[PDB]
Amino acid sequence: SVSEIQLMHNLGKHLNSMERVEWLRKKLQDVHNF
Amino acid sequence: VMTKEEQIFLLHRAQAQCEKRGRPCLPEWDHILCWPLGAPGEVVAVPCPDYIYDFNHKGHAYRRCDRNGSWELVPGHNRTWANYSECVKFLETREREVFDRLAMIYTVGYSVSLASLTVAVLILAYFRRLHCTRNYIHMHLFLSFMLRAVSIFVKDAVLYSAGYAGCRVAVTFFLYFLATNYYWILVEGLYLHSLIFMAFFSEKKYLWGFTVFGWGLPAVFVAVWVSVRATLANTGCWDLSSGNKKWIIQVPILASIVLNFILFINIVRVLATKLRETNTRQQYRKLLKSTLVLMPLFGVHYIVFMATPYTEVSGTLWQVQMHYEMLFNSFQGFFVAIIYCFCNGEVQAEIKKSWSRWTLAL
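Residues numbered from 1 in each chain as written, not as in the entry; some residues may be left out. Chains lettered and ligands numbered in written order. Part of a larger assembly, values for the part shown. Heavy atoms only, no water.

**Here we look at the overall build of chain A**
Along the backbone of chain A there are 1 helix and 0 strands. Across its three principal directions, the C-alpha atoms of chain A cover 50 × 10 × 5 Å. Per-residue burial over chain A gives 56% buried out of 34 residues. Entry remark: accessible area of chain A is about 1600 Å², with carbon and sulfur atoms responsible for 55%. For chain A, the distance from the average site of its 5 positive side-chain charges to the average site of its 4 negative ones is 8 Å. (Helix = DSSP H or I, 4+ residues; strand = E, 2+ residues; numbered from the N terminus. Buried < 20%, exposed > 50% of the residue type's maximum accessible area, 1.4 Å probe, protein only. Areas by Shrake-Rupley, 256 points an atom, 1.4 Å probe, with all protein chains shown as cover. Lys, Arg positive; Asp, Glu negative; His and termini not counted. Charge placed at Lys NZ, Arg CZ, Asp CG, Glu CD.)

The structure is reproduced here in structure tokens:
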């Protein structure tokens, strides 16, 4: 497969996961502070 | 796997069911999840919710209420005591480190290639002697490498710094500039094959035809991909892959590599034949030297990992492939400029004459 495009797709998944994980992290603090 | 948008959507749907909905302890749980009940003065024992993405669903929240149906509150004045701390014992530094490592390698390699190619383009353009159909295609190939590199830098700046127009424009240009560079490598290979295997040439026609094929055809593939993306998914940036539609652009680029590879082997064949006709160790040395110089031009190194589908990031094959490609792809322009412009005999002779005349006049 084309490497540059493949790397681009991997970066999108990686960054999207970070947003989800950081979204989970702040939700964890909010419920802990509930 | 599901994206951030799905999680936002599913949470809204999750809370929707909350609305469509000792002592039972009443809802004493949270405002995010949707098991609104404390059970009859007992451990809730509700498994870790499966509507969240991973969440190790096999686990349990183990929320509890006691006394006779009342929560156990105010430990240190905290309220709504919960026990899912062990449920969130789940799931990145390794992936980011290698991603950054690959970023620095190709950014450095692309930067040197741009500097080398820019000097190469200026050299070819200024000297009138070097003006030839062969050199025009070389200038086109050298340029295509530049637009490829600068767009990658532009894409990196936009991405590193949500479906805005600028994000799409950067992505589509990067793919188009990547495709044209690949096809211009094919154009150079096809042009060489035509010269050797054809006894007649028409510069006025073939030169324009090669230019149109190198530039126009990649635009068509990008245009159809853009049209498909806009009218099928049109979600956020095009940085993410929505399925097999990426093959609209990937497949033609790969189809070029094999064709160029076949031409490369064929060109080596005539080199092995002609040297055999003129006579040995020397002949092998020239053939090997000729093969090495032509390798960067024809993009032979691309064939090593051409047919590899999407492999998981946490894998040896993925790591070696990214390091291998991001090193040779970045430095391919630098090698091509060195061999075919800086090391070119005509360029060296032309530079020597101009410098000698300028020094004598001065």
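**Regarding the overall build of chain B**
In terms of regular secondary structure, chain B is built from 9 helices and 0 strands. Listed by position from the N terminus, the elements making up chain B come as α-α-α-α-α-α-α-α-α. In terms of principal-axis extent, the alpha carbons of chain B reach across some 105 × 50 × 45 Å. Every one of the 362 residues in chain B was classed for burial, and the buried ones make up 40%. Split by element, the accessible area of chain B, about 21000 Å² in all, is 65% carbon and sulfur.

**Examining the interface of chain A and chain B**
At the junction of the two partners, chain A supplies 27 residues and chain B supplies 53 residues. Taking both partners together, chain A and chain B bury about 3800 Å²; carbon and sulfur atoms supply 66% of that area. It is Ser 1, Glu 4 and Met 8 of chain A that lose the most area in chain A upon contact with chain B, and together they represent 19% of the buried surface on that side. Where chain A touches chain B, the interface holds 0 salt bridges. (Contact = heavy atoms within 4.5 Å. Buried area = accessible area lost by both parts, 1.4 Å probe. Salt bridge = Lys/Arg side-chain N within 4 Å of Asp/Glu carboxyl O.)

**Here's the deal with the state of the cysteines**
Covalently bonding the sulfur atom of one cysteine to the sulfur atom of another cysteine gives a disulfide. All names here are of chain B. Scanning the entire structure with this criterion turns up 4 disulfides over all chains. Across the disulfide, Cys 25 is cross-linked to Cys 65 (sulfur-sulfur distance 2.0 Å). One disulfide, between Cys 25 and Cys 65, carries an S-S torsion of 90° and so falls in the right-handed class. Taken together, the positions of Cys 25 in the loop between helix 1 (4–20) and helix 2 (93–126) and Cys 65 in the loop between helix 1 and helix 2 put the pair 40 residues apart, joining distant regions of the chain. The same class applies to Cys 25 as to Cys 65, namely buried. Between the sulfur of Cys 48 and that of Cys 87 lies a disulfide, 2.0 Å long from S to S. Placement of the pair is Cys 48 in the loop between helix 1 and helix 2 and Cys 87 in the loop between helix 1 and helix 2, with a sequence separation of 39 residues. Judged by its relative accessible area of 3%, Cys 48 is buried. For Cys 87, a relative accessible area of 4% corresponds to the buried category. (Disulfide = S-S within 2.5 Å.)

**Some thoughts on the UniProt feature "disulfide bond" in chain B**
Residue and element names in this part refer to chain B. A sulfur-sulfur distance of 2.0 Å is found between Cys 18 and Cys 34, whose disulfide is recorded in UniProt, and that is short enough to count the bridge as formed. The same class applies to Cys 18 as to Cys 34, namely buried. Judged by the under 2.5 Å criterion, the sulfur atoms of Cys 48 and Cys 87, which UniProt pairs in a disulfide, are close enough at 2.0 Å to be bonded in these coordinates. (UniProt positions renumbered as here; feature names shortened; annotations may be inferred.)

**Quick notes on helix 8 (residues 316–342) of chain B**
Along an α-helix, a turn takes 3.6 residues, which lines up residues three or four apart on a common side. In this model helix 8 of chain B runs 37 Å from its N-terminal to its C-terminal C-alpha over 27 residues, within 8% of the 39 Å that 1.5 Å per residue would give. At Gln 332 of chain B, helix 8 of chain B shows its largest bend, some 40°. (Expected span 1.5 Å × (residues − 1). Bend = angle between axes of the 7 residues up to and from the residue.)

**Notes on the nonpolar core**
Among the nonpolar cores identified, the biggest contains 66 residues, and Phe 142, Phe 298 and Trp 318 of chain B are the most heavily contacted of them. Looking at this core, the elements that each hand over two or more residues are helix 1 (3–32) of chain A together with helix 2, helix 3 (133–160), helix 4 (165–197), helix 5 (203–232), helix 6 (247–277), helix 7 (281–298) and helix 8 of chain B. Top element by residues in this core is helix 4 of chain B. It accounts for 14 residues. Not counting residues up to four positions away in its chain, the partners in contact with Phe 142 of chain B are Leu 117, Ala 120, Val 121, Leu 124, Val 336 and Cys 341 of chain B. In this structure, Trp 23 of chain A together with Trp 29, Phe 55 and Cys 87 of chain B belong to the second largest nonpolar core, which totals 19 residues. (Core = buried A, V, L, I, M, F, W, Y, C linked by side-chain atoms within 4.5 Å.)

**What about the packing of aromatic side chains?**
Residues and elements named next belong to chain B. By the definition in use, this model includes 20 aromatic pairs over all chains. Aromatic side chains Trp 225 and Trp 238 sit 5.2 Å apart centroid to centroid with 85° between the ring planes, which places their arrangement in the edge-to-face category. Residue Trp 225 is located in helix 5, and its partner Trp 238 is located in the loop between helix 5 and helix 6; the two are separated by 13 residues in the primary sequence. Across the pair, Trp 238 and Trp 225 agree in class, each one buried. What links up through ring pairs into an aromatic cluster is the set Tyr 191, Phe 201, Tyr 206 and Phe 210. Between the NZ or CZ atom of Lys 155 and the centre of the ring of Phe 174, over which it lies, the distance is 5.7 Å. Geometry around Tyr 310 places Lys 246 over its ring, the cationic atom sitting 4.8 Å from the centre. (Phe/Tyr/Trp six-rings, centres within 6.5 Å; stacked < 30°, edge-to-face > 60°. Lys NZ or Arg CZ within 6 Å of the ring centre and 35° of its normal.)

**Focus: the pattern of salt bridges**
Residues and elements named next belong to chain B. Scanning the entire structure with this criterion turns up 5 salt bridges over all chains. The closest approach of N and O atoms between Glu 72 and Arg 64, which form a salt bridge, is 3.2 Å. One salt bridge in this structure joins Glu 350 and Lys 353, with 3.8 Å as the shortest N-O distance. Linking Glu 350 with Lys 353, this pair stays in helix 9 (residues 345–361), spanning 3 residues, or about one helical turn. Residue class for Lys 353 comes out partly exposed when judged on its relative accessible area of 28%.

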